[PDB]
Each structure stands twice: as structure tokens, then as C-alpha cells.
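Just below is one structure, and these are the notes that go with it.
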2 protein chains.
Amino acid sequence: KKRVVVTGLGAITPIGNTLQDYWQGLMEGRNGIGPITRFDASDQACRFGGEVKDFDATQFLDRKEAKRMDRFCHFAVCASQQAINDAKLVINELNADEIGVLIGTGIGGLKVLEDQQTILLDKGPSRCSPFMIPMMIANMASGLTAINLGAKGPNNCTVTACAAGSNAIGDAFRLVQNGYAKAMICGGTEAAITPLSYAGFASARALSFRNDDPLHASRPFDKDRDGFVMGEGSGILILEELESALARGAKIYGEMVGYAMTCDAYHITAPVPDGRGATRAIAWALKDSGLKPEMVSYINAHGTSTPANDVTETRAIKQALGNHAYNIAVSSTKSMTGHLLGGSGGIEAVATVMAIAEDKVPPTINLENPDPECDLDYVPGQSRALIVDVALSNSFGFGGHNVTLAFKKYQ
Amino acid sequence: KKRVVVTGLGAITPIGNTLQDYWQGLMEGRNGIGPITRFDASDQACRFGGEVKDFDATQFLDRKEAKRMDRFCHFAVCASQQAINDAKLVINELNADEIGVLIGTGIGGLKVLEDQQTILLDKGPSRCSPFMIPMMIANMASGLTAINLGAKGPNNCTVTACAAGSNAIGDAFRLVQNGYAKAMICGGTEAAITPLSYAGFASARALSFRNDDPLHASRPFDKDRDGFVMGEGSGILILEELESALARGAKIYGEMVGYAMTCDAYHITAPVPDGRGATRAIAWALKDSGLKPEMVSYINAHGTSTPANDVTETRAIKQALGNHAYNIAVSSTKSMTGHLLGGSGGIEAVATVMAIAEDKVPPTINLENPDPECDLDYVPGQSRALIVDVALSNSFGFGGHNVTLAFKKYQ
């Protein structure tokens, strides 16, 4: 198996529109949650979320191209450009065939779907946009990114809800490990802060309804948590075969070493009580990496701030790491960014890789009183200096997908 | 690398609701195209398609469960049950963790999206169904199938438009090859015959507009083709590690041996003129299989019946196989079933595997006068007896995804 290193990172999030701003935000416990402005949410059960602010796609994309793509693609393409520039990776006719793209999303172009359905009902099917399909479908993020960057290698798209970005990075990792690509632009993206998305997640009673105090709604592991807080954005990584990376003197953040996927085959949205699947995902990600649980330094938890997830995940971490679970640092950055759904795995992988390189872990803000069963060190309040030798990123998404990614310092 | 054999097949299509009926239909050149009945298409530019007929999900699924899932999931779960029964694969607590699910789709639960958006606009967001999200998202096919069958292994979902089902099978193939699963229930599904889907594809001028003669609208490689004809359904394969399959005396249709993915990085919906990406996908699928082009016996073409695809694909086959391209059989089963989008790769993989085991290839019906550039043997009119030692299945989907799967007789 080829070794795979992370050579570039890009991010557009509710707390920063660049890698630097995003990381600084995480280090300062920046809060990206606030009242919804992208649409009139006055008639919604949840009226706040984590929106990307001060972002203009036309600053980075050709005007006509930007006009012909949805926001979820704006994020993916722009975050990918960031990653490529960060990596200083030059893509030309000579290496284009060995560089692919794998960007996942959970819902894709919902905005287009809503706008077009509204048109269909009001003006008739003949008035619908001829660009509806190529702007709406989930794989457009990967497709448009490849066209923008000139990547002609494997181009795929994983749609596994909250785990979309993690599965994308994991699958890209395999492509490089198995020699099907020398480099992969991968991660996740989501721009689902829309009336229908909010209506659906609110109806399912999945979203926090703390409209009176949006700044403290997202509180992973806290006893008073009442649902996740949606966010939007994209996180992208450049995974590269070690020899190729070294040959060009690539910047190296760390090495990706493990990936595991399991399924509870229990319930479509509710996690299994004993957290068996999540436990196995963590245990197998470690086995895939040839690492013992005691080697883990930090875990960027899924920690969505829902009653069921946070305690089940804590149980899984404790079952997978044993007593060592109490000797590591765990934190949910969703406390600051909100749950980016398909994009969560992307920006969280970015945060995890940065932690490995910076020896600093982001906090779980808003955590005041954790449930008795959420008794680990969740790095509450402020970021903390810590030697991060091995770090995991968890994604336990709706649909029953349990995914864990493992990274470690490059040596 | 572990060897992977196909031990089970399932299919729900416009020409048959079971593996047996689907194959018999293909062998008889059965036409599954007709006027739309699932909705009033009187105001649509295209008013026909390939619908699944006489299918009642409640005949195979628990009533409450069936009610809580969209048609694209009905197809996936039921076709998967078919495949498992065909394979005689018993899934229990002892092997559940080594059996996963990977079912792709191109659009997922569009029907739910349309019904709910209509409700939102007419009654307000508070009236939207609490089950909107878990019935609409693409990964629900894989998730619900895992729950129904008890599969606790890797559960993923590839959404790459026309290539969704092929990428799903290809990715599942890698999981078994690399030891991450002993068996995988994989394929594709689609149930996008809806007002909005038709409005979008018609607006893009992608669909055939031969409303006066629907039975002969889908005519791959024919000089008078004018767009694809949408179909719905699902095709599922059971991929299994060879030793495990032999140990239980599994039925073996053939061996999966190759998978390749490339990207034109050219246009989001239009194929590159020289068909370079498609050529490389075919060439690399063969290299992945350790097979020379001269070994190919049959190719189940993507052949969507669009002006651009059919000629570009023919060019790609000729560029990849050389003179041998004129000595093989090529056929597009979409001529009979229509283009199932995300489900196309699934039912076409089913047809390809059956061809290997039956030594018979399905025809490209409706083909009367092929363009001068579409000069291969497309098995027009009727099925034909032919020794099928090696067979490929092509999927060149919107988004720039070029995928080729390779199968061969098990020896």
C-alpha cells in the first residue's frame, strides 16, 4: 500500500472563509451561529444557524461559471482552489490523469430544487431552467471542481448524510493507497440552509429550538442540548502519494493512516443504544492504521449536540479506547460551526489535520454541564496546547453510517 | 488482492420485475417504453418513459416500513432481497459485520422533495412531514437495505448521475478485493419519473421528444436519435470474496475483475469530442483486470441515445480496442429499458453478468440506420448467441464521470 500524506487544506466555514481564518477561529472559540439571513425564517421552528458570511464566489470564480452553479458547488470549488494553492500543486497535462476529485455532500443543490419546483407550480414545467439538473445533482461539486482545476483522475461523490465528507476523504485515501491516483482533492460541502431543509429537520425535531439564545444552542455533550444547529460550508484536503509529494518538496501536515466504515443496521436516523457500530468504526480505523488505542491523542468528535448522539458517541469512544478514553482530549467543533452535514467531515478533517501539525486542539464551546454519561475531557471553553501524535475524526450520520478517519504525524 | 465473484442478482425494471423476467425481456427485445402514467405529463415536452409496471412494494416489505420510504428505496430494498435470495446468502449475527451495502442513485427521493415543497408553499413549513429527510436523501437506499437485510459492514452511497450504479459496484468491488468486506450488496436505483425531473431534463433538451412514437424513441446509435428516454428501477449484485463463496457452495455467475474511473474535466454535461476520458476508462478497466483488449467479447454500452454520447462512445471503444472493436458485440439495453440514470449501472451490470453466464447478448432494439460514425455491431433487433468470456459495462454520466466495469467467466 502506498503511503498517503495531507499536503493541502482549504476551508469555507461559518467562522472563517480561509484555512487561516477557520483555524484562528477554532483557536479562539469563535461562534459562527446567529439568526438566519439567507432566507426569511420567521415561520420556522428553528430560526438560526451557522451561515458563511462575507463570501463572494465571483471573487474566485469566472462570473458565468459561478452563475451556473449552486452555493454548495461555490463552496466546494473555492475551498478546493484554496487546498491546491496551499499545497502548491501544479496540475497540467502531464499529471492531470493521476489527480482526481472526491467531494461528498448530504443534500446537494436543494436551493435549486426549491426554486424550480416553485416555478413549476406557478408557471408550469416549460418555464423551468435548462440548467436545473447540472446545478442540482450532488456530484456537481466534484465535477465542477475537476473542470476548474483540470483534474482528470477518478471523480466520485459519496452521499452519506453527516458522513459524506468523511466517506469522501476515506475513499480518496484508498484510491491513493491502491495506486489509482497520485493525488486526490477530497472532502465535503453543504449549502442546505434553506426553507425546505429547515422545515424537514425541524419537523423531525432534529434541530435545536433555542431561538431565544442562538449563540448557546449548539452545546455538544451538555445536559441541556436539544438538537443540532445547522451550518454550511466546505472543507477540502489534498491527499497525495508520499513519494510524489516528497519529489516536489510538498508541504506535509501529517499522514493519513486509517479509515473504517460500519453500519448499525438498526434504525435509519436513531443510533443504536450500545453504540456497537460506532465502537467498531473507531476500533477498526485504528486496526487499519496498525495503531493501538493507547496511541490516540485527540478525537474530533461527531458531537452534533443531539440527545442521542453525544452520549452514544461517548460510550463508543470509551468502549473502543478503554481507560485511555479518559486520558485523551475530545472536542466537537460543531459547537462553533454548527453541523455542516455533508460538509462536516470535510471541515472536521481539516481541523483534525491542523491539530496534528499545530499540537493544539480546538474547544467544545458552550459546554457547561455535561450529562453524567458524557464524562470525558471535551476541551471546554478554550483551545489547548497538546502533543497531537494521532488524531481521529468521527462521523456517525443519518442512514446508519459510522465512519472514523485516522491521521498521525508524518515521520 | 482477494478475488471477487458475482453470486447473486436482483432487478426491478421497465421490462421485468424479477431477474428472470428482466433477462427474458432482454432476450425477447421487450420494449418497456410507453406514455407516462405515474403523473399527468400533458404539460411536459416529453410525455413517455420506462416505468416499472405491476410492482407493489408491500408484497415484499413491511407495510409501515414501505410507507416510510420513497419509491427509489422500494426498488433498492426489493431488488436487494432478490439478490440475497438468488445467492442463498444467509446473513446472521455471525457474518453481519463482514457484509455491507453500496447502492448508488443519481437523484434519490425527488418525489418527496416535490411533494414537500408543494406543501411548504401551500401550508407553510410547519406542515412538512417529519419523515421528509429520511425519505428524501440519496443514502437512504443503502441505509434501508442494510436495516432490512441485517448487513452491518461498510455502508456507502455513490451519486455520480448516470454512473452512480457503476461506481457503487466498482467501489464495492474494491472493498471485497481489499478485505474490508466478505460480501457486498451493491448496485443502483432510481425513481425519478416525476414532473420536476422531466421538466429539468426536458428544459435541458436532453430527453427525446418523439411523443408521436414513444415505442421507437430510444434508439441508441441510430441516425435519428434525439435524446435519452428516462426509465426507473434498480439492479443489484452480490459481490463476494471467492474463498467465502466457495466455502458455502455459492452460485457463481462470473468473476468481477476490473474497474476504472476517469474524468474529462471538460464540460459538466457534454462529453469531450475525442472521447479521451472514455477511452482511458475502457483501457484502464482492462489493465486493472490484467486483460488485453483482444480478450473482450461483449460491451454493454452506455448508449443513451443522445446525439453526442453514442458517437463519442463508439469512438472511445474503437480507440481502446483498435481493430478488435469491429470483432466484438456491443449493445445498449437502454433501447429497451430507457435510461435509469443512477439505476442504469445496476441493471446493466446485471445484464452484463448474465451475458457472461448465458453466452447470449441482448439487442439494441429500434436501431435501423446508424450514423456513419456508429459503425460497430450493435446487435440490432434480436438477442444473439455468443461466447461471452469477457464483458465490459460502460457508464459515462453527466458530471464528467467515465466508468467502465469488467467481468469474465469464473475459472
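The figures that follow rest on heavy atoms only: side chains count, while hydrogens, waters and symmetry mates do not. The sequence lines fix the lettering, A, B, ..., with proteins before strands; numbering per chain opens at 1.
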*Please work out which of the three classes, parallel, tilted or perpendicular, describes the rings of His339(A) and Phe228(A), given edges at 30° and 60°.*
perpendicular
*Do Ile193(A) and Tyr198(A) touch side chain to side chain, with heavy atoms closer than 4.5 Å?*
yes
*Of all the heavy-atom pairs spanning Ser166(B) and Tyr259(B), show the shortest one and how long it is.*
O-CE1, 4.2 Å
*asked:* I'd like to know which of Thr160(B), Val159(B), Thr269(B), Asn148(B) tops the heavy-atom pair count under 4.5 Å against chain A.
replied: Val159(B)
*When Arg68(A), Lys152(A), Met132(A) are compared by non-hydrogen pairs under 4.5 Å with chain B, the top option*: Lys152(A)
*Should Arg174(B) and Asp171(A) count as side-chain neighbours, where that means a heavy-atom distance under 4.5 Å?*
no
_Proximity breakdown for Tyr180(B) and chain A, heavy-atom pairs closer than 4.5 Å_ = side chain
_Please identify, among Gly150(B), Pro125(B), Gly108(B), the residue contributing the most non-hydrogen atom pairs under 4.5 Å to chain A._
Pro125(B)
*Among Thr158(B), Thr145(B), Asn139(B), which residue forms the greatest number of heavy-atom pairs with chain A at distances under 4.5 Å?*
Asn139(B)
*Find the one option among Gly400(A), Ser142(A), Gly106(A), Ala151(A) whose heavy-atom pairs under 4.5 Å with chain B are most numerous.*
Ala151(A)
*Where along residues 114-122 of chain A does a heavy atom come under 4.5 Å of chain B, listed by residue number?*
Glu114(A), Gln116(A), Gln117(A), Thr118(A), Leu120(A), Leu121(A)
*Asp264(A) versus chain B, heavy atoms under 4.5 Å apart: side chain, backbone, both or neither?*
backbone
*Between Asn167(B) and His401(B): side-chain donor-acceptor atoms closer than 3.5 Å*: no
_Between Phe131(A) and chain B, with a heavy-atom cut-off of 4.5 Å, which part of the residue counts as in contact: side chain, backbone, both or neither?_
neither
*Could you tell me whether the side chain of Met69(A) reaches within less than 4.5 Å of the side chain of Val112(A), counting heavy atoms only?*
no
_Report which part of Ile133(B) has an atom under 4.5 Å of a heavy atom belonging to chain A: side chain, backbone, both, or neither._
side chain
*Taking side chain as C-beta onward, heavy atoms only, is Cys73(B) less than 4.5 Å from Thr189(B)?*
no
*Which residues share a side-chain hydrogen bond (donor to acceptor under 3.5 Å, both in side chains) with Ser344(A), sequence neighbours left out*: none
*asked:* Taking side chain as everything from C-beta outward and backbone as N, CA, C, O, which of these in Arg205(B) sits under 4.5 Å from a heavy atom of chain A? Side chain, backbone, both or neither.
replied: neither
_For the student: nearest non-hydrogen atoms of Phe72(B) and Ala138(B), plus distance_ = CE1-O, 3.6 Å
*Mind ranking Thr105(B), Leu113(B), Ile137(B), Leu175(B) by heavy-atom pairs under 4.5 Å with chain A and telling me who comes out on top?*
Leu113(B)
*Got a salt bridge between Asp97(B) and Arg276(A), using NZ or NE/NH1/NH2 to carboxylate O under 4.0 Å?*
yes
*Contact part of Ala161(B) toward chain A, heavy-atom cut-off under 4.5 Å: side chain, backbone, both or neither?*
both
*Just give me the residue among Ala146(B), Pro154(B), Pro134(B) that pairs up with chain A most often, heavy atom to heavy atom, under 4.5 Å.*
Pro154(B)
*Heavy-atom distances under 4.5 Å only: say whether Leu149(A) touches chain B with side chain, backbone, both or neither.*
neither
_Heavy-atom neighbours of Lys1(A) NZ exceed 12 at 6.0 Å_ = yes
_Quick one: does any side-chain atom of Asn156(A) pair with a main-chain N or O of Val101(A) as donor and acceptor, under 3.5 Å?_
no
*Relative to chain B, which segment of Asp288(A) carries a heavy atom at a distance below 4.5 Å: side chain, backbone, both, or neither?*
side chain
*Of all of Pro130(A), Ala45(A), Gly143(A), which one pairs up most often with chain B through heavy atoms under 4.5 Å apart?*
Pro130(A)
*What residues form a side-chain contact (heavy atoms from CB on, under 4.5 Å) with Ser197(B), not counting sequence neighbours?*
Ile107(B), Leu110(B), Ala192(B), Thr194(B), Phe201(B), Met230(B)
*chain A contact via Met136(B) - which portion, at a heavy-atom distance below 4.5 Å*: side chain
*For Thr262(A), all residues meeting side-chain contact (heavy atoms from CB on, under 4.5 Å), sequence neighbours excluded*: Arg280(A), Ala281(A), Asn402(A)
